[PDB]
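[1] For now just these chains, pulled out of the complex without moving them:
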Amino acid sequence: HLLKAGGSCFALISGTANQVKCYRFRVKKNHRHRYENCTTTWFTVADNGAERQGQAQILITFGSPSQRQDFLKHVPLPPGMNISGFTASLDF
């Protein structure tokens, strides 16, 4: 790793569990060069009951805005999935 001034850019992709699972499979399979890393599926944790609740989520990181732009051009977003893009500074 080269030391990284400023923030890394990433995205949050969501939908049903199986949607998200398949979406990942696709990007790893057909798009690996367009993203840095991806997470396994997670959920926003519920207080009561089963922790796994609401929409399935993955974070995908990118080495630069340009890589994220290239990702966005080529990677199909299935119907009912959503994507939002963010830029994160490291604080500590």
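    Received it, and whenever you're ready, just let me know what you need. Numbering: from 1, shown residues only, chains lettered A, B, ... in the order given.
[2] who's in contact with residue A:62?
    A:8-11, A:35-36, A:68, A:71 (Cβ atoms under 8 Å, 6 or more residues apart in numbering). Quick note: C-beta positions are derived from backbone N, CA and C, even for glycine.
[3] can you pull the buried residues of stretch A:45-63?
    For stretch A:45-63, burial by neighbour count (16 or more other Cβ atoms under 10 Å) applies to A:55-58, A:60-62.
[4] Sorry, wrong one. I was asking about stretch A:63-70.
    A:67-68, A:70.
[5] Switch those over to JSON lines; also include distance to residue A:27.
    Converted to JSON lines, the buried residues of stretch A:63-70 look like this (distance: Cβ to Cβ, whole Å):
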{"residue": "A:67", "distance to residue A:27": "12"}
{"residue": "A:68", "distance to residue A:27": "13"}
{"residue": "A:70", "distance to residue A:27": "12"}
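[6] Restricted to helices, list those residues.
    A:67-68, A:70 (DSSP state H).
[7] Out of those, which comes closest to residue A:44?
    Nearest to residue A:44, judged by Cβ to Cβ, of those is residue A:68 at 23.0 Å.
[8] separation between that closest one and residue A:9?
    5 Å (Cβ to Cβ, to the nearest Å).
[9] what about the closest residue to residue A:36 other than its chain neighbours, distance to residue A:69?
    Closest residue to residue A:36 apart from its sequence neighbours, by Cβ to Cβ, 6 or more residues apart in numbering: residue A:61 at 4.2 Å. Plainly put, residue A:61 is 14 Å away from residue A:69 if you go by Cβ to Cβ.
[10] could you also fit chain B onto it:
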Amino acid sequence: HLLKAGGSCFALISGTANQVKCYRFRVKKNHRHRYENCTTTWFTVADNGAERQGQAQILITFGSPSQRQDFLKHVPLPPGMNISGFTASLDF
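    This next block brings in chain B, placed alongside the chains you saw above:
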């Protein structure tokens, strides 16, 4: 929600799966008021077919930097566990 008042903040907590699970239960039970939400446990995906690999990880969000400061004040980090803090801006 109202609308994001500036930039939001979060933290990435890592360790073994059981370290992370335990940390999540503790903060849910004792420090609920000190964070916004937490994720279920996840890993960085391996492309070698092994989804679960490396360190277990969770994300914790905060509604203000103040809240995160108060969390950091009150919640210790056990041996062998890591925390990083970030602030993200919405891109799209």
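[11] Repeat for the buried residues of stretch A:45-63, accounting for chain B.
    Along stretch A:45-63, these residues count as buried under the neighbour rule (16 or more other Cβ atoms under 10 Å in any protein chain shown): A:45, A:51, A:55-62.
[12] so residue A:23 is in which element?
    helix A:17-30 (DSSP states H and E).
[13] Which of the three states applies to residue A:84?
    Here residue A:84 is recorded as strand under DSSP: H, G, I helix; E, B strand; the rest coil.
[14] residues from chain A in reach of chain B?
    Chain A comes close to chain B at residues A:7, A:9-10, A:24, A:28, A:32, A:37-45, A:47, A:51-52, A:57, A:59, A:84-92, as judged by Cβ under 8 Å from any Cβ of the partner chain.
[15] Recalculate using a threshold of 6 Å.
    By Cβ under 6 Å from any Cβ of the partner chain, the part of chain A that sits against chain B consists of A:28, A:37-40, A:42-45, A:51-52, A:85-89, A:91-92.
[16] Among the residues you listed, name the ones in helices.
    residue A:28.
[17] Put the buried members of the residues of chain A next to chain B into a PyMOL selection.
    Here is the PyMOL command that selects only those of the residues of chain A next to chain B that count as buried (16+ other Cβ under 10 Å):
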select buried, chain A and resi 38+39+40+42+43+44+45+51+85+86+87+88
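[18] circling back: which helices and strands does the helix holding residue A:23 pack with?
    If you count contacts as 3 or more Cβ pairs under 6 Å, 6 or more residues apart in numbering or on different chains; DSSP states H and E, helix A:17-30 packs onto strand A:52-62.
[19] how far off helix A:17-30 does the strand it packs on point, in degrees?
    Orientation check (axes from the mean of the first three to the mean of the last three Cα atoms, to 10 degrees): strand A:52-62 against helix A:17-30 gives 20 degrees.
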